[PDB]
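Trainee: First the structure, which I've put down as structure tokens, then a few questions once you've had a look.
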There are 2 protein chains.
Amino acid sequence: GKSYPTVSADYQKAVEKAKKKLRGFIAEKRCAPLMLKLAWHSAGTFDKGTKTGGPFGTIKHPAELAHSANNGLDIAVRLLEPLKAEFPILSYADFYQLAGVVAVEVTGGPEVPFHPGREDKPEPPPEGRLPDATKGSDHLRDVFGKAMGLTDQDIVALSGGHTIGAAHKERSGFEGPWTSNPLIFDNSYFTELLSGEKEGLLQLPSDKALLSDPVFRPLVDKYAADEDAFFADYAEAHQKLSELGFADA
Amino acid sequence: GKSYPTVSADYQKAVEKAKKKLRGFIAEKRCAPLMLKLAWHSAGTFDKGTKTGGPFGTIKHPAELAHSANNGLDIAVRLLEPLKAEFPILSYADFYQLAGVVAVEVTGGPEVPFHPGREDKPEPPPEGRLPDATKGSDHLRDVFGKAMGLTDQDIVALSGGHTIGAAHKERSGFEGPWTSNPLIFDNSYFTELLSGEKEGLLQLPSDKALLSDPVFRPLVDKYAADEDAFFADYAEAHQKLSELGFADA
Ligand code: HEM
Ligand code: HEM
């Protein structure tokens, strides 16, 4: 149900050139997970009923950066600012979603389709829309389903984003990577989730909540068994996430 | 542009009986200003663009009561609870707006028309929509105009609500009454505003902002000169305020 806006040939050229620059920068700086988090925290605030929040560049606002969920994202914003300044024609909205897409690609994940044209909006959403790591399945459906408008399948596939990166006791309070290979986009998140606790690896209560749900569980199993199927469903869910409220939501 | 809902004859009877009980209670307890504040803080959170907030009973929620603007309104809620329990058929939305209307009447103000039928909504608006006492005319238009959808005239007339009651250093930090007669609804707020500072009387920066604005000032002058005109415009503005998002906003 999307109708994507026309952007100029110059705009498209800058997308292509920014995409390449983002690859080099993110790979060199080893900051793919942080950039994926930046894109997800930008998009994940969308509320379908009121058409507020979502991926519209507001994550750069000091006010949204002050949200406790967004601990450490000021680093992400700061890291990208010099690069963004090379592409003044692009919206921050687009640039940050493009960073997220590139973060997934340079760690070896699926190629998430990208459509330009998000406008930078003046008002950040209110604080408190991002999911709570201590809650379970009901909460996840409230946030991803009732607010964002994504599916149960999208919830499980997107949770797989934890295949890269780590928690930090100074940010959330949780600590350590979900996987043994936290700069590699693979289905290891689901394998580790299933096998139970292992020394040095993290599971949030929100990850554990996927195991006990009658709908989430079969998807955890599917993705653990079949990384191709994970990649397919992940690319679908990330695209929808990155486009919430955009070109029709 | 309002279309008021049908309510049962039993509902209407309870409105009439609650109105009378509210008169006696508010007069005896000397709590008209607090009740007017309770009604205004309930209604004043309406945002026209998203149709969120407004007079829908959510002021009783511990979460909205925790808003710093709402210091001392937990007392107001507590005071009315026994009375409300005598009228289980009425929405809190209606009961609190009716308290506001009665607060104005029992202190000798205009008779603000009242239409029943507000539904109690599950979600409080986000914090931060109520006006800031330290700001001026631009802010007042942002809040009353851009968010609530009221007029410049409504801003000045409603500011006249400060004709009753007082600030408290333990609540806002401001202190004392606007008028020499703070349980009497009259045009004294505008008279005192115009004559400048007087010992024992309060003026907020937001009240003072009415004096310097080219549109607000002539209305301050009109109301100071003519309490009948104040009463007419006040009754209009309060009615619109009490009905924001209700029966069409
Ligand atoms: C399902 C609900 C989710 C919860 C409760 C949640 C919660 C968290 C928490 C608590 C952290 C640790 C932050 C820190 O301490 O540094 C984190 C990190 C992370 N999240 Fe999630 N998140 C969720 C969904 C997602 C989604 C949908 C994605 C992307 C598709 C994602 C991607 C990431 C990444 C890449 C990191 C690592 C950041 C880094 O390495 O600095 N998360 N998340
Ligand atoms: C114009 C912007 C407004 C600002 C900045 C503002 C601000 C304030 C502040 C700071 C207080 C003192 C709270 C305390 O310390 O106890 C107060 C009290 C009060 N306000 Fe306003 N207010 C505004 C508009 C209104 C409106 C529209 C009404 C109703 C029509 C209203 C009715 C009242 C009443 C009756 C009190 C006294 C409460 C008491 O006696 O405990 N105000 N307001």
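Residues are referred to by chain and number: the chain letter is A, B, ... according to the order shown in the structure tokens, the number counts from 1 in that chain, and ligands are numbered separately from 1 in the order shown.
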If you count only C-alpha atoms and all ligand atoms, which residues end up within 7 Å of ligand 2, as a ChimeraX atom specification?
Mentor: /B:33-34,36-37,40,131-133,140,155,158-162,164-175,206-207,238
Trainee: Using only C-alpha atoms and a distance of at most 12 Å, pull out the residues of chain A that contact chain B, as a PyMOL selection string.
Mentor: chain A and resi 47-53+125-129
Trainee: Give me, as a PyMOL selection string, all polymer residues having an atom no more than 7 Å from residue B:23, counting only C-alpha atoms and skipping those fewer than 4 positions away in the same chain.
Mentor: chain B and resi 19+27+102+106
Trainee: Could you pull out all residues of stretch 4-247 of chain A with a DSSP call of helix (DSSP H, G or I) and give them as a ChimeraX atom specification?
Mentor: /A:9-29,32-43,58-60,62-65,68-70,73-85,92-106,137-147,152-163,188-195,205-212,216-225,227-242
Trainee: So that I have them on file, write out the residues from the current selection with C-alpha atoms, as a short mmCIF file (atom, residue, chain, number, x, y, z; two decimals), in the first residue's frame.
Mentor:
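Printed below is again36.cif as written:
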```
data_model
loop_
_atom_site.label_atom_id
_atom_site.label_comp_id
_atom_site.auth_asym_id
_atom_site.auth_seq_id
_atom_site.Cartn_x
_atom_site.Cartn_y
_atom_site.Cartn_z
CA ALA A 9 17.98 12.75 -10.23
CA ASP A 10 20.44 14.82 -8.08
CA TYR A 11 18.73 13.51 -4.90
CA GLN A 12 19.03 9.89 -6.22
CA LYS A 13 22.69 10.40 -7.10
CA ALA A 14 23.39 11.61 -3.55
CA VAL A 15 21.58 8.49 -2.16
CA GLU A 16 23.85 6.28 -4.24
CA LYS A 17 27.00 8.17 -3.25
CA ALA A 18 25.97 8.34 0.45
CA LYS A 19 25.24 4.59 0.43
CA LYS A 20 28.84 3.86 -0.71
CA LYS A 21 30.36 6.35 1.79
CA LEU A 22 28.23 4.85 4.59
CA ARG A 23 29.56 1.33 3.72
CA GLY A 24 33.23 2.40 4.07
CA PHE A 25 32.65 4.53 7.18
CA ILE A 26 30.49 1.99 9.09
CA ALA A 27 32.83 -0.91 8.24
CA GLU A 28 35.92 1.09 9.28
CA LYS A 29 34.40 2.44 12.44
CA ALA A 32 27.10 -1.18 12.37
CA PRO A 33 25.11 -2.25 15.47
CA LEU A 34 24.93 1.32 16.80
CA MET A 35 23.79 2.53 13.36
CA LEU A 36 21.18 -0.20 13.12
CA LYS A 37 20.00 0.89 16.62
CA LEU A 38 19.92 4.55 15.51
CA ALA A 39 17.69 3.65 12.48
CA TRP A 40 15.42 1.44 14.60
CA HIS A 41 14.99 4.01 17.43
CA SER A 42 14.17 6.62 14.76
CA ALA A 43 11.49 4.44 13.13
CA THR A 58 13.80 13.74 14.76
CA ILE A 59 16.30 11.40 16.49
CA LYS A 60 18.89 14.25 16.01
CA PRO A 62 18.37 17.07 21.71
CA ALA A 63 14.89 16.38 23.18
CA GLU A 64 14.55 12.91 21.57
CA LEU A 65 18.25 12.22 22.27
CA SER A 68 16.45 7.24 28.20
CA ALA A 69 16.02 4.58 25.48
CA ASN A 70 18.34 6.71 23.35
CA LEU A 73 22.70 7.50 20.26
CA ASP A 74 24.17 11.00 20.56
CA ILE A 75 27.51 9.28 19.69
CA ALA A 76 25.81 7.75 16.57
CA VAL A 77 24.47 11.18 15.53
CA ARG A 78 27.87 12.81 16.15
CA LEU A 79 29.71 10.08 14.17
CA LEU A 80 27.51 10.59 11.10
CA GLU A 81 27.41 14.39 11.12
CA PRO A 82 30.59 15.00 9.02
CA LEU A 83 29.40 12.47 6.44
CA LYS A 84 25.88 13.96 6.35
CA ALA A 85 27.41 17.40 5.75
CA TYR A 92 18.33 13.31 7.92
CA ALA A 93 15.26 11.01 7.83
CA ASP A 94 16.57 9.30 4.71
CA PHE A 95 20.23 9.43 5.76
CA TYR A 96 19.62 7.63 9.07
CA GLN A 97 17.38 4.97 7.47
CA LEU A 98 20.03 4.50 4.78
CA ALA A 99 22.65 4.07 7.58
CA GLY A 100 20.47 1.30 9.07
CA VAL A 101 20.12 -0.50 5.71
CA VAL A 102 23.91 -0.20 5.17
CA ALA A 103 24.63 -1.45 8.73
CA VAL A 104 22.69 -4.65 7.87
CA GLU A 105 24.44 -5.05 4.48
CA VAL A 106 28.07 -4.49 5.57
CA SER A 137 4.84 -10.87 24.57
CA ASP A 138 1.80 -8.67 25.44
CA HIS A 139 4.02 -5.60 25.55
CA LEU A 140 5.76 -6.50 22.28
CA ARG A 141 2.35 -6.74 20.53
CA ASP A 142 1.30 -3.42 22.08
CA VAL A 143 4.38 -1.69 20.71
CA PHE A 144 5.03 -3.35 17.34
CA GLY A 145 1.38 -4.22 16.63
CA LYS A 146 -0.99 -1.69 18.25
CA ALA A 147 1.39 1.31 17.80
CA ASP A 152 3.82 -11.00 14.77
CA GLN A 153 6.26 -12.32 12.13
CA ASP A 154 7.90 -8.85 11.87
CA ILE A 155 8.37 -8.81 15.71
CA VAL A 156 10.35 -12.08 15.69
CA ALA A 157 12.35 -11.28 12.55
CA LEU A 158 13.27 -7.76 13.78
CA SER A 159 14.27 -9.17 17.20
CA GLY A 160 16.95 -10.94 15.13
CA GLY A 161 18.62 -7.48 14.80
CA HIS A 162 20.25 -8.45 18.13
CA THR A 163 22.43 -10.83 16.07
CA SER A 188 22.94 -16.88 15.56
CA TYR A 189 20.60 -14.82 17.70
CA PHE A 190 17.90 -17.54 17.33
CA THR A 191 20.37 -20.44 17.79
CA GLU A 192 21.67 -18.86 21.04
CA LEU A 193 18.14 -17.98 22.20
CA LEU A 194 17.07 -21.66 21.81
CA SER A 195 20.11 -23.33 23.33
CA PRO A 205 13.49 -10.90 29.12
CA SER A 206 12.02 -9.51 25.84
CA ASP A 207 14.11 -12.01 23.79
CA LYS A 208 13.09 -14.85 26.17
CA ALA A 209 9.45 -13.85 25.66
CA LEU A 210 9.72 -15.08 22.06
CA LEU A 211 10.27 -18.66 23.32
CA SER A 212 7.09 -19.00 25.32
CA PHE A 216 6.56 -16.35 18.17
CA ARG A 217 8.07 -19.77 19.00
CA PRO A 218 7.49 -21.52 15.60
CA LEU A 219 9.17 -18.47 13.97
CA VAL A 220 12.20 -18.66 16.34
CA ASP A 221 12.45 -22.36 15.33
CA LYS A 222 12.08 -21.59 11.62
CA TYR A 223 14.84 -18.88 11.70
CA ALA A 224 17.21 -21.03 13.81
CA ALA A 225 16.77 -23.86 11.19
CA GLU A 227 18.95 -18.48 7.80
CA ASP A 228 17.66 -17.91 4.21
CA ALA A 229 14.09 -17.74 5.60
CA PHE A 230 15.29 -15.44 8.38
CA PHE A 231 17.00 -13.13 5.83
CA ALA A 232 13.79 -13.03 3.69
CA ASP A 233 11.53 -12.17 6.63
CA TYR A 234 14.09 -9.80 8.18
CA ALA A 235 14.45 -7.81 4.92
CA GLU A 236 10.60 -7.54 4.71
CA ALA A 237 10.23 -6.40 8.34
CA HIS A 238 13.14 -3.90 8.22
CA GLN A 239 11.78 -2.36 5.01
CA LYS A 240 8.33 -1.92 6.58
CA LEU A 241 9.90 -0.56 9.78
CA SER A 242 12.04 1.99 7.82
#
```
Trainee: For each of A:66, A:89, A:7, A:148, take the minimum atom-to-atom distance to ligand 1, counting only C-alpha atoms and all ligand atoms, then give the residue where this is smallest.
Mentor: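 Closest residue, counting only C-alpha atoms and all ligand atoms: A:148.
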Trainee: What gap, in Å, lies between atom CA of residue B:55 and atom CA of residue B:124?
Mentor: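 Computing the Euclidean distance for atom CA of residue B:55 and atom CA of residue B:124 yields 10.1 Å.
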Trainee: Rounded to one decimal in Å, what is the spacing between atom CA of residue A:249 and atom CA of residue A:123?
Mentor: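 Atom-to-atom, atom CA of residue A:249 and atom CA of residue A:123 are spaced 17.5 Å apart.
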Trainee: Check the DSSP output for the backbone and give back, as a list in words, the residues of stretch 72-239 of chain A in strand (DSSP E or B).
Mentor: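 So, restricting stretch 72-239 of chain A to strand (DSSP E or B), we get residues 166, 167, 176 and 177 of chain A.
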Trainee: Please compute the atom CA of residue A:5-atom CA of residue A:116 distance, one decimal, in Å.
Mentor: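 It comes out at 7.7 Å.
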